[PDB]
Amino acid sequence: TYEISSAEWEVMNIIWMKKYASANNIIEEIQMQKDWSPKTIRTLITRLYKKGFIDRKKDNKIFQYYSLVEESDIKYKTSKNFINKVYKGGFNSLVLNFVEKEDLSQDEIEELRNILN
Amino acid sequence: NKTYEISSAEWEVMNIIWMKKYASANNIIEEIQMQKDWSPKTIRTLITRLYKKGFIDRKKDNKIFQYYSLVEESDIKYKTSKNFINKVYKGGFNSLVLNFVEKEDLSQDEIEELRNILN
Amino acid sequence: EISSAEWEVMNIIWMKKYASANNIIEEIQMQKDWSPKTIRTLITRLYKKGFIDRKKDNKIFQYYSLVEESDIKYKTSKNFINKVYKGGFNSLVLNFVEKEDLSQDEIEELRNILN
Amino acid sequence: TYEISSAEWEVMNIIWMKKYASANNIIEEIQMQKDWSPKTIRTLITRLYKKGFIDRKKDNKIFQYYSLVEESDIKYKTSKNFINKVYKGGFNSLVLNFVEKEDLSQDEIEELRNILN
DNA sequence: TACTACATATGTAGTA
DNA sequence: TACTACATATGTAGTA
DNA sequence: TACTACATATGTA
DNA sequence: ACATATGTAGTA
């Protein structure tokens with residue numbers, strides 16, 4: 001089983017957010033929210049290339065990478081893996097822990113209802 | 001500067017500690033040796049690391065140490081989850097709950113509780 | 001058979017034992033979004049299939065279940081698993097753990113549900 | 001959104017069971033646990049083909065249909081849907097519903113524990 | 001208990 | 001782009 | 001409440 | 001192609 005590293009996650013989102021994406025195309029978008037070498041980043045791409053979460057496509061004269069797995073399909077999958085290891089009481093016990101630490105503003109708490117519908 | 005995290009493997013440990021407030025060497029093992037399958041040594045190590053990371057502490061209560069948490073549960077869990085979501089979900093907490101219902105991971109029995117948890 | 005959309009109604013009725021035309025609708029027009037007529041239709045169907053019956057309690061019909069709830073859900077899930085999971089019930093629970101859909105808070109209850 | 005109908009399922013399981021499968025190779029294995037026409041079946045496959053759940057492969061001189069979706073990954077998902085449409089209280093409320101209707105023998109109740117581990 | 005050992009996964013980047 | 005290199009961190013567990 | 005219309009998904013062929 | 005069951009919903 002191949003898993004996606006937290007450092008890596010950075011990358012996927014950048015790709016997921018742009019469907020298609022290039023070596024540098026990504027770096028530029030990362031070298032702003034993070035601070036790594038353009039070489040360190042590239043390795044994070046190849047790494048995901050090999051784990052096989054994305055693929056290439058010599059679109060221009062350069063590779064263009066794209067996801068292979070479904071974003072939300074995987075994120076749900078990963079949170080579920082996490083929470084399970086952390087919170088003994090599934091998804092709920094967690095939500096109950098956000099409000100306990102009042103991480104919710106009435107403007108936001110409102111949206112949820114209209115999200116549970 | 002040096003910052004220390006609590007490993008996902010380690011997390012199992014805290015959960016027992018936290019669950020018993022006071023906790024001995026084996027006391028934990030016995031309690032993990034059902035929800036998991038490690039060696040009573042592997043585990044003890046997890047404790048120790050957690051001790052040197054400084055999330056727990058000891059205290060020879062009887063003739064054997066009793067480790068106890070140093071950090072506050074809810075305090076840390078909420079903190080950890082935030083870190084997670086931010087790395088994973090681009091749209092914060094919301095975007096996540098949205099993701100669970102799109103995957104129908106909730107029963108109206110549960111979805112109900114939430115509201116009465118929102119008020 | 002009882003259709004998935006129809007299920008919505010039976011839940012309401014079983015929830016209320018006794019149940020009226022609109023009384024159903026109201027309790028449905030929040031957890032769903034259909035036309036009061038669509039709904040009504042679902043009831044008629046069920047009445048016609050013979051899962052529920054009427055009874056002019058006040059001056060309007062009062063439908064109630066004819067089939068025993070837990071007796072049906074059990075029957076229904078049986079047919080289901082059978083069409084989907086090759087290995088009966090087991091092979092299902094097994095599918096739920098492998099996709100970690102269970103929190104230890106939850107897995108716990110099971111044991112004491114198994115004794 | 002495209003779904004997999006109860007009838008269809010009989011086809012997939014034949015397929016996932018043999019990973020690789022032939023038009024007739026299927027019918028054979030179904031005309032024992034079921035009673036349909038070698039044309040009724042074929043159509044179920046077709047539908048599934050178009051819905052996009054399986055795909056063909058001219059292996060010999062005949063097509064060989066193979067699964068396109070991951071078994072466990074979808075059965076999990078469908079059950080989910082079902083459970084929540086029916087049982088108010090998710091998975092739990094269901095298992096508790098099998099015991100009440102004593103649909104379990106101590107021989108099998110055992111396995112569970114060792115399966116919950 | 002305390003202290004020791006190790007192979008893989010991960011963060012982070014220089015050279016062909 | 002491709003391929004190489006390394007130190008800390010994490011999973012697992014033997015020896016004093 | 002009671003009959004009918006309608007596009008879709010669906011059981012059978 | 002064809003009949004039925006189904007999500008939705010208006011004219012009886």
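Return yes or no: is D:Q64 of a type outside the set (A, V, I, L, M, F, W, C) and within 16 Å of DNA strand G (Cβ to nearest atom)? So D:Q64 does not fit the description; no.
Scanning segment B:27-39 turns up at least one residue that is more than 17 Å from the chain's Cα centre (by Cα), part of a loop (DSSP other than H, G, I, E, B), farther than 20 Å from A:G89 by Cβ and away from chain D (no Cβ under 14 Å). Checked against (1) under 24 Å from A:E70 (Cα atoms); (2) in contact with a strand residue (DSSP E or B) (Cβ under 7 Å, 6 or more places away or on another chain); (3) among the basic types (K, R), D:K57 passes all but a single condition, namely (1).
I want to confirm something. Restricting to segment C:1-39 and keeping residues that are more than 12 Å from DNA strand H (Cβ to nearest atom) and among the β-branched types (V, I, T), which single residue is nearest to D:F82 (Cα to Cα)? Here the answer is C:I12. C:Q104 falls short on exactly one of the conditions (1) away from DNA strand H (no atom under 16 Å from the Cβ); (2) farther than 30 Å from B:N15 by Cα, and that condition is (2). Evaluated against (1) under 30 Å from B:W18 (Cβ atoms); (2) more than 19 Å from the chain's Cα centre (by Cα), A:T78 falls short on exactly one condition, (2).
Residues in segment B:72-92: is at least one facing another protein chain (nearest Cβ under 9 Å), basic (K, R) and outside any helix (DSSP H, G or I)? So far as segment B:72-92 goes, yes, one or more of its residues are facing another protein chain (nearest Cβ under 9 Å), basic (K, R) and outside any helix (DSSP H, G or I). Test C:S103 against the stated conditions and say whether it is in contact with a helix residue (DSSP H, G or I) (Cβ under 6 Å, 6 or more places away or on another chain), of a type in the set (G, A, S) and surrounded by fewer than 19 Cβ atoms within 10 Å (Cβ to Cβ). Considered against the rule, which asks whether it is in contact with a helix residue (DSSP H, G or I) (Cβ under 6 Å, 6 or more places away or on another chain), of a type in the set (G, A, S) and surrounded by fewer than 19 Cβ atoms within 10 Å (Cβ to Cβ), C:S103 comes out as no. The residue that is farthest from DNA strand H (Cβ to nearest atom), counting only those in segment C:40-71 that are free of Cβ contacts under 8 Å to residues at least 24 places away in the same chain, assigned to a helix (DSSP H, G or I) and among the charged types (D, E, K, R), is C:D71.
For segment D:20-45, the set of residues classified as exposed (fewer than 12 other Cβ atoms within 10 Å of the Cβ) and either within 12 Å of DNA strand G (Cβ to nearest atom) or aliphatic (A, V, I, L, M) (or both) consists of D:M32, D:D35, D:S37, D:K39, listed by residue number.
Take the conditions (1) over 18 Å from B:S8 (Cα atoms); (2) in contact with an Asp or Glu (Cβ under 9 Å, 6 or more places away or on another chain); B:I43 misses just one of them, which is (1).
Examine segment D:60-67 for a residue that is within 16 Å of C:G88 (Cα to Cα) and surrounded by fewer than 13 Cβ atoms within 10 Å (Cβ to Cβ), and state whether such a residue exists.
no
Here is the figure for segment A:1-26: residues that are without any contact (Cβ under 8 Å) to a residue 40 or more places away in the chain, in a loop (DSSP other than H, G, I, E, B) and touching an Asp or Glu at 6+ places or on another chain (Cβ under 9 Å) total 2. If you go through segment A:93-112 and keep only what is farther than 12 Å from B:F93 by Cβ and within 11 Å of chain C (Cβ to nearest Cβ), you end up with just A:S93.
Neighbour counts run over all protein chains shown; Cβ positions are idealised from the backbone, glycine included. No value in this document is a laboratory result; all are computed from the given coordinates.
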